[PDB]
Novice: 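Sharing a structure with you now.
Chain identifiers are assigned alphabetically (A, B, ...) following the order of the sequence lines, protein sequences preceding nucleic acid strands; residue numbering begins at 1 within each chain.
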Amino acid sequence: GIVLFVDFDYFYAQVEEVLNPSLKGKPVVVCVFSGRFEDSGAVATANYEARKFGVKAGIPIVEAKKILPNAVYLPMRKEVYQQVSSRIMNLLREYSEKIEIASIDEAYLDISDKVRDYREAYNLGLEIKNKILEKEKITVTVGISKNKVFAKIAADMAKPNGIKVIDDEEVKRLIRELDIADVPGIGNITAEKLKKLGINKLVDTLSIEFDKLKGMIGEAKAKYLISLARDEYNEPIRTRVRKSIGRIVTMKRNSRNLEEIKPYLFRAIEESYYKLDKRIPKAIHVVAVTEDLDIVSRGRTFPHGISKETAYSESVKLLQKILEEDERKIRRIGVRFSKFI
DNA sequence: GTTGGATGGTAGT
DNA sequence: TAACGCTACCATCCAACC
Ligand SMILES: Nc1nc2c(ncn2[C@H]2C[C@H](O)[C@@H](COP(=O)(O)OP(=O)(O)OP(=O)(O)O)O2)c(=O)[nH]1
Ligand SMILES: [Ca+2]
Ligand SMILES: [Ca+2]
Ligand SMILES: [Ca+2]
């Protein structure tokens, strides 16, 4: 089994540099302006020049501008980046039809039937990197290993503009030596719980009682880590099937007034239903981000598909329930559809 | 006993 | 000082169903 994982470098910012090459070589910050006041919002991503100074995905735009007042600030044009992404995913499908698109900028290819060893895989990785450069002028990072998890780890190690193979001997080394916090799916909360248990490396999961591990981090995470530690993780590459589709928007000002919130909620439903593209959902959830940035939701699953008209009717009832059951003001409001027929 | 929807936690991007 | 946006998968609680 040979898996090749590709992740596009500083993606949104890189696309903007392709579209305007005078930007290349200096700080570029792509921003999600929320409209609440001038420069309210968050950074979607920045190029590596901006990252040197701490400007990166998730920080407030006002904070970025405090640090780098003279950087180029651009509004997120997600439809444009999606056009580029879709073209690159099509390029990748020419190298293998067994492709799992995992995000707007990354995919796993099962290349087992396309190459015979890691030497051939590495050369295919370079061909892929060259193809994407020729066609789209986008640099990417490639990770290659025996499964999805280690191909991802390989790319994480090699970025930006990298290519890295983690062969069988290195997999066994990493099971002993890799900080378990750097394993995909282990965030800060799980990492701290593992630490308390004295689990610092994957190999350490083999000498703790499963019941103790399970009790602390849950059954699914425990089984996942053990499978990796035994070098028996074998999750197949599978075609991505979207399970939910939604939109959430930021309100100009916080509110508990139904008629004030409704316009935003309806905008979210319209954009959401458009996104559905022939999909027919049986479940709807109204999602509210409260004034203190907590996320609350109310939902309903129907025995049949939900028409746009039913989505309008039901969403108001769900927003009403949130208001009735939660005293706090609402800051962001939206909808998510799921359980597609 | 057992499912599985409602709601939220965790992760990552 | 400010905190967008989107999606996946898992856990818990509890009403409905064996
Ligand atoms: N709105 C928004 N978009 C994000 C956020 N994080 C990532 N994205 C978008 C913009 C990124 O360019 C794109 C791909 O995510 P990545 O995690 O792979 O980061 P990126 O490619 O920008 O940097 P890279 O060199 O991988 O580190 O997805 C975020 O917090 N908010
Ligand atoms: Ca990336
Ligand atoms: Ca990525
Ligand atoms: Ca981590």
Novice: Quick check on contacts: within residues 38-70 of chain A, what sits under 4.0 Å from DNA chain C by heavy-atom distance?
Specialist: A:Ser40, A:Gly41, A:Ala42, A:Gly58, A:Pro60, A:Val62, A:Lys66
Novice: Check DNA chain C against residues 323-341 of chain A and give the residues with a non-hydrogen atom under 4.0 Å, in numerical order.
Specialist: A:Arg331, A:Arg332
Novice: Has the side chain of A:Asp204 got a donor or acceptor atom that lies under 3.5 Å from a matching backbone atom of A:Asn200?
Specialist: yes
Novice: Answer yes or no: does a side-chain N or O of A:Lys243 lie under 4.0 Å from OP1 or OP2 of C:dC10?
Specialist: no
Novice: Quick one: does A:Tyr73's side chain have a donor or acceptor within less than 3.5 Å of a partner on A:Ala64's backbone?
Specialist: yes
Novice: Hey, is the main chain of A:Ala107 close enough, under 3.5 Å, to the side chain of A:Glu100 for a donor-acceptor pair?
Specialist: no
Novice: Grab the NZ-P distance between A:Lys214 and C:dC10 for me, whole Å please.
Specialist: 13 Å
Novice: Between A:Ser255 (side chain) and A:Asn257 (backbone), is there a donor-acceptor pair under 3.5 Å?
Specialist: yes
Novice: Give every pair of a protein N or O atom and an N or O atom of nucleotides 11-18 of chain C that lie under 3.5 Å apart, one pair per line with the distance.
Specialist:
unit_1	atom_1	unit_2	atom_2	d
C:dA11	OP1	A:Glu219	N	3.1
C:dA11	OP1	A:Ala220	N	3.0

Novice: Where the side chain of A:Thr141 meets the backbone of A:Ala155, is there a donor-acceptor pair that is under 3.5 Å apart?
Specialist: no
Novice: Does a sphere of radius 6.0 Å around CZ in A:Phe302 hold more than 12 heavy atoms from other residues, nucleotides or ligands, not counting ones at 6.0 Å or beyond?
Specialist: yes
Novice: For a salt bridge (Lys or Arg N to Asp or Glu O under 4.0 Å) with A:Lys146, tell me which candidate from A:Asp231, A:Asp167, A:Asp117 qualifies.
Specialist: A:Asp231
Novice: Which pair of heavy atoms, one from A:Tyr108 and one from A:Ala102, lies closest together, and at what distance?
Specialist: CE1-CB, 3.9 Å
Novice: Given atom CZ of A:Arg238 and atom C1' of C:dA8, what is their separation to the nearest angstrom?
Specialist: 11 Å
Novice: Could you check whether A:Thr290 and A:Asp292, counting side-chain N and O atoms only, form a donor-acceptor pair closer than 3.5 Å?
Specialist: yes
Novice: Is it the case that over 12 heavy atoms from other parts of the model lie below 6.0 angstrom from the CD atom of A:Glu325?
Specialist: yes
Novice: What contact category does A:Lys321 fall into here, base, sugar-phosphate, or nothing, at under 4.0 angstrom with non-hydrogen atoms?
Specialist: sugar-phosphate
Novice: Spell out, as yes or no, whether a donor-acceptor pair under 3.5 Å connects the side chain of A:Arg331 to the backbone of A:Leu293.
Specialist: no
Novice: Expressed as a whole number of angstroms, how long is the span from A:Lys148:NZ to C:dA8:P?
Specialist: 13 Å
Novice: Write down the distance between NZ (A:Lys282) and P (B:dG4), rounded to a whole number of angstrom.
Specialist: 12 Å
Novice: With rounding to whole Å, what would you report as the distance between B:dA11 and C:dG5 at their P atoms?
Specialist: 23 Å
Novice: Report yes or no: does A:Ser40 contribute a side-chain atom to a donor-acceptor pair with the main-chain N or O of A:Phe37 at less than 3.5 Å?
Specialist: yes
Novice: Could you tell me whether A:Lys282 sits above the aromatic face of A:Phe340, with NZ or CZ closer than 6.0 angstrom to the six-membered ring centre and within 45 degrees of the axis?
Specialist: no
Novice: So, does A:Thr190 get its side chain near the phosphate of B:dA11, meaning an N or O under 4.0 Å from OP1 or OP2?
Specialist: yes
Novice: Among C:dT7, C:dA2, B:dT7, which nucleotide has an atom closest to any side-chain atom of A:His285?
Specialist: B:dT7
Novice: Could you tell me whether A:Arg51 sits above the aromatic face of A:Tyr48, with NZ or CZ closer than 6.0 angstrom to the six-membered ring centre and within 45 degrees of the axis?
Specialist: yes
Novice: Are the side chain of A:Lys321 and the backbone of A:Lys317 linked by a donor-acceptor contact shorter than 3.5 Å?
Specialist: no
Novice: Check each residue of residues 250-265 of chain A for a non-hydrogen atom within less than 4.0 Å of any atom in DNA chain C, then write out the ones that pass by number, or none.
Specialist: A:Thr250
Novice: For A:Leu225 and C:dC10, what is the distance between atoms CG and P respectively, to the nearest whole Å?
Specialist: 13 Å
Novice: For A:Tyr224, which contact category applies under a 4.0 Å heavy-atom criterion: base, sugar-phosphate, or nothing?
Specialist: nothing
Novice: Whole-Å distance between C:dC6 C1' and A:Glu106 CD?
Specialist: 13 Å
Novice: Take the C1' atoms of the five end pairs on each side of the helix from B:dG1-C:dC17 to B:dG12-C:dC6, get both axes, and report the angle to 10 degrees.
Specialist: 10°
Novice: Evaluate whether atom CD of A:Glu169 has more than 12 neighbouring non-hydrogen atoms of other residues, nucleotides or ligands under 6.0 angstrom away.
Specialist: no
Novice: Establish, with yes or no, whether the OP1 or OP2 oxygen of C:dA8 is under 4.0 angstrom from a side-chain nitrogen or oxygen of A:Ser244.
Specialist: yes
Novice: Reckon A:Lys223 touches a base, only the sugar-phosphate, or nothing at all at heavy-atom distances under 4.0 Å?
Specialist: nothing
Novice: Using atom types as modelled and distance alone, determine if a side-chain donor or acceptor of A:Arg279 lies under 3.5 Å from a backbone N or O of A:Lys275.
Specialist: yes
Novice: Quick one: does A:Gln14's side chain get under 4.5 Å of A:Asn47's, heavy atoms only?
Specialist: no
Novice: Quick check against the 3.5 Å criterion: does A:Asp105 have a side-chain atom that pairs as donor or acceptor with the backbone of A:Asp7?
Specialist: no
Novice: Going by heavy atoms in the side chains, are A:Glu127 and A:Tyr95 under 4.5 Å from each other?
Specialist: yes
Novice: Nearest whole angstrom, please: distance from the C1' of C:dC6 to the CD1 of A:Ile101.
Specialist: 17 Å
Novice: Measure NZ/A:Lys275 against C1'/C:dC6 and give the value in whole Å, please.
Specialist: 7 Å
Novice: At a heavy-atom distance below 4.0 Å, what parts of residues 290-320 of chain A sit against DNA chain C?
Specialist: A:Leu293
